[PDB]
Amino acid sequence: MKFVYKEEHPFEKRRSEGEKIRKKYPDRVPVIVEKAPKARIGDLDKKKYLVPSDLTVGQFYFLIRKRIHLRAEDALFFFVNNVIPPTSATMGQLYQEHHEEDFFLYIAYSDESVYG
């Protein structure tokens, strides 16, 4: 997976804003959400999100679901560093285990449990 956000913004600019997001909103974590390129589902309007540290993946799912207007029958998986986070886990946990050196958490989403 190759996030277009890392190509749209130079690193040092991302590392800068990621620091200021964390500073001003310590109760929230900055997340970038893009879709796996082969995945067959709708695209997301925006890529950069500010998520409470206590929000669960399931809630982020249903948020991402109705933002993509996805039905309950349809599948939707998260991938942070090519692993599927457990659906009853907080974003704050995921940030402190997987945030990158620009201080963003990167999450790919797909309709399949293994993407390509």
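What we label the rigid core is the largest C-alpha set whose atoms superpose within 1.5 Å from one form to the other. When you see a residue number, it is the position in the sequence shown, counting from 1.
Engineer: Do the Cα atoms of 45-53 or those of 64-72 sit farther, on average, from the shown form in 6 other deposited structures of this protein after fitting on the core?
Structural biologist: Larger mean C-alpha displacement, comparing 45-53 and 64-72 in 6 other deposited structures of this protein, is found in 64-72.
Engineer: Comparing C-alpha positions in 6 other deposited structures of this protein against this form, with the rigid core used for the fit, which stretch differs more, 83-91 or 26-34?
Structural biologist: Larger mean C-alpha displacement, comparing 83-91 and 26-34 in 6 other deposited structures of this protein, is found in 83-91.
Engineer: Averaging C-alpha B-factors over each stretch, which comes out higher, 54-62 or 77-85?
Structural biologist: For C-alpha atoms only, the mean B-factor is higher in 54-62.
Engineer: Look over 2-10 and 105-113 in the entry and identify the one with the greater average Cα temperature factor.
Structural biologist: Here the higher of the two C-alpha B-factor means belongs to 2-10.
Engineer: Going by the CA temperature factor in the entry, name the top one among 36, 91, 68, 32.
Structural biologist: The record points to 68.
Engineer: Check where residue 22 lands among this chain's C-alpha B-factors and tell me if it's the lowest, middle or highest third.
Structural biologist: According to the entry, residue 22 has a C-alpha B-factor in the chain's middle third.
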